[PDB]
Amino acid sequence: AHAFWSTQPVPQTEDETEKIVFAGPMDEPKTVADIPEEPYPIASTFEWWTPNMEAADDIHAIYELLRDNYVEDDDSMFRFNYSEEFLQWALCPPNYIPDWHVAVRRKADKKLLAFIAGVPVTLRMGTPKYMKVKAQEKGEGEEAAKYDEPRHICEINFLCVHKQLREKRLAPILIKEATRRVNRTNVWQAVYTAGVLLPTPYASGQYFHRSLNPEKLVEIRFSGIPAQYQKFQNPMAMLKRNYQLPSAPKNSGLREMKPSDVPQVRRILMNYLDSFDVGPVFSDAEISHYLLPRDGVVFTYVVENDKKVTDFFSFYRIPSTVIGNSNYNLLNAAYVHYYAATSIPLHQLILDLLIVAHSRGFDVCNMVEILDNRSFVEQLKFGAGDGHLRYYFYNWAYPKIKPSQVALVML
């Protein structure tokens, strides 16, 4: 049933998954020297391209391909519209590897036809806690601990084939070539998410959305006036009132993050992310890159009291194209990013996120049920969205975990 995924070092079924007991590689160990030097053979109308992410024109070409051809909802009403500043940020973290960004262009006119991006990530991905307990009961603790050290692997994102080229087996070709370039750098595992079911996820979670400007959301048909609001004489006035927020953060001590906060934010974040089975390890340079505010892209606030940072939150912006509408071009969405709470309940920290996002003119706040995102769904009036986000590894055997054991945000 899967002519491509069946030939790959991934678990092939849930049954196979269900009997994985320790973290570790799927495949034959191999070396750099075994991997072909030359790009995979490709059709003569196409050519491989490595974009230069320091070139505005290169960023622009990837921007247009995604604007027109990246992920839509199931009803083809909204399509993500990552900005060029956002792509620069997401594709170029500290020590990114230019060769990991793989594109296919049409020779004759250099039109971008397909893209896939790999970036480095330092990931904890050793045997999960629940399996380590089982291991102890079996007498098997050393085997369970073998791959505990964080690993420098590849995070794959932004896979996109132009609509005119769909269903011609281009996506496997891109994935093979990314894999080759990554292996040529002595990296053998990757982590990726998708909103579709593939062989075979190690975790799955729901999406959640929090209305910030319900009037606009109803106008563009992101949201309905739900059926129980009909019994009311005036449905929408009641909807704004339900979703209203304070004008200003309720935590005094709340202020935008600045560069001098990098060490403290690193510490509180890493201490928190430790509680999860799969989770990134960030250097100070990586905290600076992913969390310092950047206009239009990422927004980060710390709670500082008595000169020390005790809590923080971050969210990032992605507008979506509204594919049908008359009145509105764009849905301005805020996505919960990393955070850490040590002084106040997480719900009270995130409420200030919703307040800031609303003040700065976002329409909806969005998140997946990773991290401790559940602990605040009901008080903060999030509702579940459609479908599920699935988390995957390439060349890594891994026991199924709850999404509440996952701490990697994928942009």
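Residue positions are given as counts along the sequence shown, with the first one as 1. Note that the rigid core is defined as the largest set of C-alphas that superpose within 1.5 Å between two forms.
Comparing 235-243 with 219-227 by root mean square Cα distance to the shown form in 9 other deposited structures of this protein, with the rigid core used for the fit, gives 219-227 as the more displaced stretch. Core superposition of the other structures onto this form places the C-alphas of 53-61 farther off in 9 other deposited structures of this protein than those of the other stretch among 53-61 and 363-371. Judged by mean Cα B factor in the deposited record, 128-136 ranks above the other of 128-136 and 74-82. When the mean C-alpha temperature factors of 373-381 and 65-73 are read from the deposited coordinates, 373-381 comes out higher.
Set against one another, the Cα B-factors of 98, 172, 214, 253 in the record reach their highest point at 253. Within the selection 289, 294, 162, 241, the deposited Cα B-factor values reach their highest point at 241.
Ranked by Cα temperature factor within the chain, residue 335 sits in the lowest third according to the deposited record. In the PDB entry, residue 397 places in the middle third of its chain by CA B-factor. The deposited CA B-factor of residue 359 belongs to the middle third of values across its chain. Sort the chain's modelled residues by C-alpha temperature factor and residue 341 lands in the middle third, per the entry. Residue 366: CA B factor in the lowest third of modelled residues in this chain (values from the PDB entry).
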